[PDB]
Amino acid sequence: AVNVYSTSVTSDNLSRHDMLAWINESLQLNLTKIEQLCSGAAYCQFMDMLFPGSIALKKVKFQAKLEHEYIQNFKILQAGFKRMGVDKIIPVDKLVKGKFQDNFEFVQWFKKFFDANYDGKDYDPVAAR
C-alpha cells in the first residue's frame, strides 16, 4: 500500500455529508451518521475494493449491532492493514464506542488512504457482499 501520513499532501477534508455520500454511493449503503462507521464493515469492504484478497470478506459481519461484533470486524481490518504494509494504527477501542469525533477523524484519514491507493477498478459492492 501507499501510506498516508499527517505530513502527506492530500485532498481537502470532506464534510460529514460528502463523506457519507462517498461511502453510500461507493458501497451502495444507507448510512445516516458518521458514527455508524463504528461497525468496521465499510472499512473492510473498501480494503477489498482497494486490494482484492486483502480482507477475509466471508468473516465480516455486515449487519453488526453489538460492540464485540464491531471489534471482530476491526480485527479483520487490522489483519488487512498488516497484509498490505499499512503503517497506520487503528484506534479500535475508541472507534467501536460510536463517538462522532473519533470516527470522523479516522474516516478523514481513511478516505485519504483510499484516494492514494484506488486504481479505478470496477467493483460491485452488492455482489461482493
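Note that residue numbering follows the sequence shown and begins at 1.
Once the C-alpha B-factors are averaged per stretch, 112-120 and 11-19 rank with 11-19 first.
In this crystal structure, the stretch out of 54-62 and 98-106 whose C-alpha atoms carry the higher mean B factor is 54-62. Looking only at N30, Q36, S26, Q45, the residue with the top Cα B factor in the deposited structure is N30. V4: CA B factor lies in the lowest third for its chain, per the PDB record.
Annotation for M49: CA B-factor lies in the lowest third of the chain's modelled residues. Annotation for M84: C-alpha temperature factor in the middle third relative to the rest of the modelled chain, per the entry. Among the modelled residues of the chain, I76 sits in the middle third by CA temperature factor in this PDB entry.
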